[PDB]
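Consider the single chain below, provided in structure tokens and representing the form deposited in one PDB entry.
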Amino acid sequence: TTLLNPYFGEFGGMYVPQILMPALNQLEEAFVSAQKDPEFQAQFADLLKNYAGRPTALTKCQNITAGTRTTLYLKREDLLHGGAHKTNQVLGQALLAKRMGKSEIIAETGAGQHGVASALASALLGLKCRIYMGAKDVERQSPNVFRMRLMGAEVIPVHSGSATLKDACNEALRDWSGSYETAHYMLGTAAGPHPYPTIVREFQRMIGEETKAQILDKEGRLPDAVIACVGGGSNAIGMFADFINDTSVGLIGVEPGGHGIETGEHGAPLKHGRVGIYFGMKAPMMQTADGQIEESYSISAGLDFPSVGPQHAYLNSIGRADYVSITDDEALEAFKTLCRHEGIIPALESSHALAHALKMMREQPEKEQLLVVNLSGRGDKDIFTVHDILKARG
């Protein structure tokens, strides 16, 4: 039935209407053969290097750790074309599409960053691109909508349901069930029905591969912990994958705590949600006691996904990775600290990861520890958000 296990332990699966299974089966098969095709890997690595900017730097923070025994490195995915790690995987999914003979791309977006990444890969490679967006998210992110239009993509608003990302994930799928002969669904994170949690990890894993080689070159030892924020899980599993077998390396994923776990307004399904079945997978999720699916909350729109990739749920259950949460305020403070001490404006999403590293360092300043934070994007997109809060406070 499938070439690969669709499950990570008890999490994962292919919970889709029957009509979508041939699309998933066709996609798994093309992915398996692309993975064995040197020509595909060469074209992929070519685009990553000559178009997207890989490999990205690994920056040692000079000032931020002063007065402690923490050495902090930032994997600089903010330096990637597009400003975020999303670019890696959409270039891969678009080559996959062409390899299948598809001519059209479908995607869902909320904050707009996945829409922009999908529109740029689609323009580069000659694919027609249509993007679904929750109308609430549409006008809240009209800069990103204009970007997508500039790159030629068609943007389609969703008012159904709460008119957010999760209601965008639904209308793209109905489109695909009718159009999958000619069109490819470019899912935006390491979640959803199999083979997508597998495909996105493999198209993001160069982050951890590069980090490993760069850290060995610079410090001659593996890090004590690598730390990444966890919205859907793609940037974190891309950092984690190459270290999973180096059991001396801590894996730390950072879910958004929003206004605080105890307030119920967060986006931390992995540690504070409950297993259910939605969006084609069995996974922890934000749900009511009746089993309806709630929204995440986080000050960073990019961590708005009310579930989490199934491989993260698996790694937690076996204790290979640890998952924590960081509140809005903690992430804001980390944002300000990185600008003032290193001259780097991080995405508010990435700021959650940094904010946890700063906690590890500050709670135990005499502990010698080598930490890598995946800086999953830059924060230009967030200066307006951070500005309004700061003057609303003083």
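Between two forms, the rigid core is the largest collection of C-alphas that superpose within 1.5 Å. In case it trips you up, residue 1 is the first one in the sequence shown, and so on.
The following text describes the form deposited in another entry, which does not appear among the structures shown.
Participant: Pick from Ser142, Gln292, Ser317, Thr263: whose Cα moves by 2 Å or more between this form and the one not shown, rigid core superposed?
Facilitator: Comparing the C-alpha positions, the one residue that moves 2 Å or more is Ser142.
Participant: Superposing on the rigid core, do we see a C-alpha displacement of 2 Å or more at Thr164 between this form and the one not shown?
Facilitator: Yes, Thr164 moves 2 Å or more.
Participant: If the two forms are fitted on the core, does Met133 show a Cα displacement reaching 2 angstroms between this form and the one not shown?
Facilitator: Yes, the C-alpha moves 2 Å or more.
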